[PDB]
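Heads up: take any position in the sequence shown, counting from 1, add 171, and you land on this note's numbering. Don't be surprised by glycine CBs; every beta carbon is placed ideally from N, CA and C.
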Amino acid sequence: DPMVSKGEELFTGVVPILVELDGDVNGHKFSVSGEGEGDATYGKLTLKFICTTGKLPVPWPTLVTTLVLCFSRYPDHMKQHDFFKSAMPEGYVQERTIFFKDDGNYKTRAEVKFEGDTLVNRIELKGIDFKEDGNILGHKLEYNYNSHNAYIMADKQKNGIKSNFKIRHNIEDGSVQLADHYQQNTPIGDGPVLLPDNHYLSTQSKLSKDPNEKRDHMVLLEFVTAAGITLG
């Protein structure tokens with residue numbers, strides 16, 4: 172399928188990634204710049220993010236989902252369901268509302284597209300209704316991340332996809348902070364895409380620090396795989 176091969180050719184080998192985010196949470200303005208590479212053959216990306224405005228006013232783990240699902244590994248029997256690569260190089264808009272239980276919400280809008288040979292994720296984020304001294308603005312979340320699945324559903328009206336899933340953030344008191352994610356993706360172009368049938372993505376992320384890096388930062392290793400139509 173030339174529509175499938177288009178994405179395969181765009182994501183063959185190691186693709187450079189640039190991530191740029193401008194944020195405002197409760198009036199705290201911040202920016203994040205990320206660089207790295209993705210290897211969609213293995214569902215793999217490596218990225219290092221810098222807070223370029225000083226200290227990040229929210230915990231790094233809360234930004235992992237916001238900071239490129241085109242790098243997901245879709246197995247051979249699933250390639251017809253890979254909306255994300257099919258929208259390339261023109262790209263897609265990824266929009267979310269992330270509801271933090273008993274706290275505020277992030278609203279995010281991002282464009283994911285190629286600029287030359289580089290896959291770019293450009294993001295605006297606005298956070299509201301946060302507690303200035305809660306788990307998020309108070310930095311009470313552990314610097315780690317939990318694996319999860321997410322159900323992807325076609326959004327025919329928008330020629331795109333939608334997904335609603337739960338992220339669990341460990342709190343430093345031993346409890347868990349829920350982050351309920353609403354997501355919708357729409358192609359930037361007006362041409363055909365691969366509109367998928369419902370299926371699951373499975374993802375694991377590892378967060379680490381560069382001991383030589385004095386700036387506030389996050390090193391991310393992230394694997395995403397299309398697990399199947401069903402979980403079985």
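Separation of residue j from residue i, as counted between CA atoms
i      : j      : result
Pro173 : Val283 : 21 Å
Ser379 : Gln328 : 40 Å
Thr237 : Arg339 : 15 Å
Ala350 : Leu181 : 32 Å
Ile221 : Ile188 : 14 Å
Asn356 : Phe201 : 24 Å
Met324 : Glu286 : 28 Å
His352 : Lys385 : 31 Å
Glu266 : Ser376 : 21 Å
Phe271 : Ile307 : 9 Å
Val395 : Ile269 : 20 Å
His310 : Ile332 : 33 Å
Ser318 : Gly205 : 22 Å
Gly194 : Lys297 : 6 Å
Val175 : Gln251 : 7 Å
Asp300 : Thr279 : 15 Å
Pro228 : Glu303 : 10 Å
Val203 : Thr224 : 8 Å
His388 : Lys226 : 9 Å
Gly345 : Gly305 : 15 Å
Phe336 : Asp326 : 16 Å
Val364 : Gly184 : 22 Å
Where residue i sits in the DSSP three-state scheme
i           : result
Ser376      : strand
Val364      : coil
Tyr371      : strand
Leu349      : strand
residue 405 : Residue 405 cannot be examined here, being either before or after the span of the chain that is shown, 172 to 403.
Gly194      : strand
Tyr245      : coil
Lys250      : helix
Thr237      : coil
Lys329      : helix
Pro382      : coil
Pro228      : coil
Per DSSP, the bridge partner or partners of residue i
i      : result
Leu189 : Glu206 and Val291
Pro358 : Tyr263
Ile299 : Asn276
Boundaries of the beta strand (DSSP E) in which residue i is found, first to last residue
i      : result
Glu393 : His388 to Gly399
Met324 : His319 to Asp326
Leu216 : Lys215 to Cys222
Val175 : Careful: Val175 lies outside any beta strand (DSSP E), inside the alpha helix (DSSP H) at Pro173 to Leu181.
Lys278 : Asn276 to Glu286
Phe270 : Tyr263 to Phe271
Proximity of residue i and residue j at Cβ, strictly below 8 Å
i           : j      : result
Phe255      : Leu234 : no
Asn276      : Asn315 : no
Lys219      : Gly209 : no
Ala398      : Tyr245 : no
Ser257      : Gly178 : yes
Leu392      : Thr217 : yes
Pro382      : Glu261 : no
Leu312      : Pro232 : yes
residue 144 : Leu192 : Absent from the model: residue 144. The displayed extent of the chain is 172 to 403, so no value can be given.
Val390      : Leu290 : no
The alpha helix (DSSP H) enclosing residue i, as first and last residue numbers
i      : result
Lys256 : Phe254 to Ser257
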